[PDB]
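Working notes for the structure below.
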Amino acid sequence: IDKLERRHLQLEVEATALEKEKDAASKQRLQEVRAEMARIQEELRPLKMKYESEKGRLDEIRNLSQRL
Amino acid sequence: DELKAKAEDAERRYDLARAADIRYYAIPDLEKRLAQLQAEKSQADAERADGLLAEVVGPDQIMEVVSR
């Protein structure tokens with residue numbers, strides 16, 4: 001999960017500088033960066049939301065035991 | 001080393017107007033200047049056919065520190 005999250009933030013910075021340049025070398029590269037970000041989140045959502053669901057429910061049990 | 005360190009800080013602080021203006025603008029403009037000086041060093045050593053022995057830290061500079 002950390003490998004897909006680190007690579008996702010790096011592609012966002014590269015896609016920002018490509019929008020400032022308008023030529024025959026930035027429009028083609030920008031389409032490849034946006035296409036790669038769609039495949040990273042495809043295999044990340046079944047793992048990111050699954051980890052947050054288990055962590056969000058396990059942390060709530062600890063707060064319940066501290067008040068009992 | 002300063003441009004690569006300041007660019008990583010803007011990415012973690014959610015700033016796309018600073019990290020993208022350094023990694024693909026400041027870094028490429030500074031690396032091309034160093035490449036022009038690297039070719040001049042190799043061409044200067046061919047005419048001398050021995051180079052400068054007072055630039056690379058080797059075993060000669062290590063034995064002098066222990067002797068003192």
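Here the Cβ positions follow ideal geometry from the backbone for every residue, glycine too, while neighbour counts run over all protein chains shown. What follows is calculated from the coordinates using simple rules that are stated; it is not laboratory data.
Could you give the nm distance between label points at A:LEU64 and A:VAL33, where each point is 7 Å from its Cα heading toward the beta carbon?
Distance between label points: 4.6 nm.
Filter the trypsin sites (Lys or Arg not before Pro) in chain A to those in DSSP coil with at most 15 other Cβ atoms within 10 Å of their Cβ, and list the result.
Of the trypsin sites (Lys or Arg not before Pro), the ones in loops of chain A whose Cβ has at most 15 other Cβ atoms within 10 Å are A:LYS20, A:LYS22.
What angle, in degrees between 0 and 90 and rounded to the nearest 10, separates the Cα long axis of helix A:2-18 from the longest principal axis of the Cα atoms of chain A?
Once rounded, one gets 30 degrees.
Expressed as a rounded percentage, what relative contact order does chain B have, with Cα pairs under 8 Å and six or more residues apart? Mind showing how you got there, number by number?
Numbers: 22 pairs, mean separation 13.5, N = 68.
This gives 20 percent for chain B.
Just to confirm the number: angle between the C-alpha axis of helix B:26-48 and the first principal axis of chain B, 0 to 90 degrees, nearest 10?
Computed tilt is about 10 degrees.
May I ask you to list the trypsin sites (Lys or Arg not before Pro) in region B:11-47 that are in a DSSP loop and have at most 13 other Cβ atoms within 10 Å of their Cβ?
B:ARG13
How many angstrom separate the Cα center of region A:1-52 from the Cα center of chain B?
30 Å
Work out the FRET efficiency for B:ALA54 and B:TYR25 from their Cβ-Cβ distance, taking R0 = 35 Å, and round it to the nearest 0.05.
For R0 = 35 Å, the calculated efficiency reads 0.40.
Calculate one ³J(HN,Hα) per residue across region A:32-46 by plugging θ = phi - 60° into the Karplus curve 6.51 cos²θ - 1.76 cosθ + 1.60, and present them in order as whole Hz with x for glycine and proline.
These are the phi-based 3J(HN,Hα) values: 7, 6, 5, 6, 6, 5, 6, 7, 6, 6, 5, 9, 9, 4, x Hz.
About its Cα centre, what dipole magnitude does region B:1-55 give when the only charges are +1 on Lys and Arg Cβ and -1 on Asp and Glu Cβ, stated in debye to the nearest 20?
With only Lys, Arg, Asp and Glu charged at Cβ, the dipole is about 260 debye.
Quick one: compute the contact order of chain A, relative version, from alpha carbon pairs under 8 angstrom and 6+ residues apart, as a percent.
Details: 20 pairs, mean separation 24.4, N = 68.
Value for chain A: 36 percent.
Please return the longest stretch of chain A lacking exposed loop sites, where GluC sites (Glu not before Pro) count only if DSSP places them in a loop and at most 14 other Cβ atoms lie within 10 Å.
The answer is A:44-68.
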